[PDB]
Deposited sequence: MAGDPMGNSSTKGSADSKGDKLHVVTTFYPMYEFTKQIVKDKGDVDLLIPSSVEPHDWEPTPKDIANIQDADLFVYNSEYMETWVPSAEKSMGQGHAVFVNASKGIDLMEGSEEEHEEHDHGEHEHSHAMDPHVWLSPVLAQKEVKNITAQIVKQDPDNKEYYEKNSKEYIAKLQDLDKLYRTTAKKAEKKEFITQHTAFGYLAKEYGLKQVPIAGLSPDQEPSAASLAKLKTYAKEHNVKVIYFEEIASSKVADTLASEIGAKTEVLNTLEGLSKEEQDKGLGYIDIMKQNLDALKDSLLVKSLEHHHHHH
């Protein structure tokens, strides 16, 4: 019966994970479209005040929320951000990718459970039960990263993006991004020469990207940088396959650790 509306995927799962069958949860941003820039339509705005609660990640993430809450009211859906209580981090422009930390993730699950139990105090034990059980999985997940990081002597991983800033900090890891580096078009002669030398003094083995690397790129990097390319994705979205496959936060996050391994445990 409880109706909750969420922004992008990770917010959706956390919520549903604690609510399960006791509530109808949906996601405004379909898992296959950039959430960062996504902008709501009048229809979406309606469904928000239409629901019992609206869950979002951070005002620095879904930058359209603050405007939405104002142009709506309180009698309608009760807004609730999961990043509430998280000291954020060095992004003015803050870094909203906190859910990419199994620890901060737990926090969000707590922050959401709160508003959930409040809104529907009857099913209190239920929501509470599920919540604890997910925080467990999340903690079981945290052990892995915390174990692999200890057994790792690399402590640093090169990337093309930088959404993994909170995952690094949580495990004394260093996320070193590169200049003009895209998974689509290969780097410029000037950039490549810059990255190339950086790999000579860091014995760089793998380079991660937001999505799969194209032929050109994946190839050039091999010969030129003499390195490979791995994914390491932000649970910002899910491929149609993963959806039908069920692969979620814990699943896709485990994938992310694997890739890391092929660099940390060298």
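Enquirer: Extract from the deposited sequence all ranges with no corresponding C-alpha coordinates, numbering residues from 1.
Expert: Gaps vs deposited seq, in order: 1-20, 112-127, 303-312.
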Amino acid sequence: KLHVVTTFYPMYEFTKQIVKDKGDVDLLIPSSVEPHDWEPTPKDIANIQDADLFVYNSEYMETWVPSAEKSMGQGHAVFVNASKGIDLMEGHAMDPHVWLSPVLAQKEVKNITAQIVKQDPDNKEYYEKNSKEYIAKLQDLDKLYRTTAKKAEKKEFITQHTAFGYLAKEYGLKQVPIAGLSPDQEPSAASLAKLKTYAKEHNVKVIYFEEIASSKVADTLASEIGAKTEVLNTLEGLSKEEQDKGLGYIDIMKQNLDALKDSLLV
From here on, numbers count along this sequence of modelled residues.
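Enquirer: Report the stretch with the higher mean CA temperature factor, choosing between 11-19 and 238-246 on the basis of the entry.
Expert: Going by the record's values, the stretch with the higher mean is 238-246.
Enquirer: Please compare 113-121 with 68-76 and name the stretch with the higher mean C-alpha B-factor in the deposited structure.
Expert: Averaging CA B-factors over each stretch, the winner is 68-76.
Enquirer: Hey, out of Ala163, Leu181, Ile135, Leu144, whose CA B-factor is highest in the deposited coordinates?
Expert: Top of the list by C-alpha B-factor: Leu181.
Enquirer: Can you pull the Cα B-factors for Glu108, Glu170, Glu90, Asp140 from the entry and say which is highest?
Expert: That would be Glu90.
Enquirer: Going by the entry, which third of its chain does the Cα temperature factor of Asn233 land in?
Expert: Bottom third by C-alpha B-factor.
Enquirer: Which third of the chain holds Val103 when residues are ordered by C-alpha B factor: lowest, middle or highest?
Expert: Its C-alpha B-factor, which the entry lists for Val103, ranks in the lowest third among residues of this chain.
Enquirer: Would you check the entry's CA temperature factor for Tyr60 and let me know if it's in the chain's lowest, middle or highest third?
Expert: It falls in the middle third of the chain.
Enquirer: Taking only the Cα B-factors deposited for this chain, tell me whether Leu28 sits in the lowest, middle or highest third.
Expert: It falls in the middle third of the chain.
Enquirer: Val5's Cα B-factor: lowest, middle or highest third of the chain?
Expert: Ranked within chain, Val5 CA B lands in the lowest tercile.
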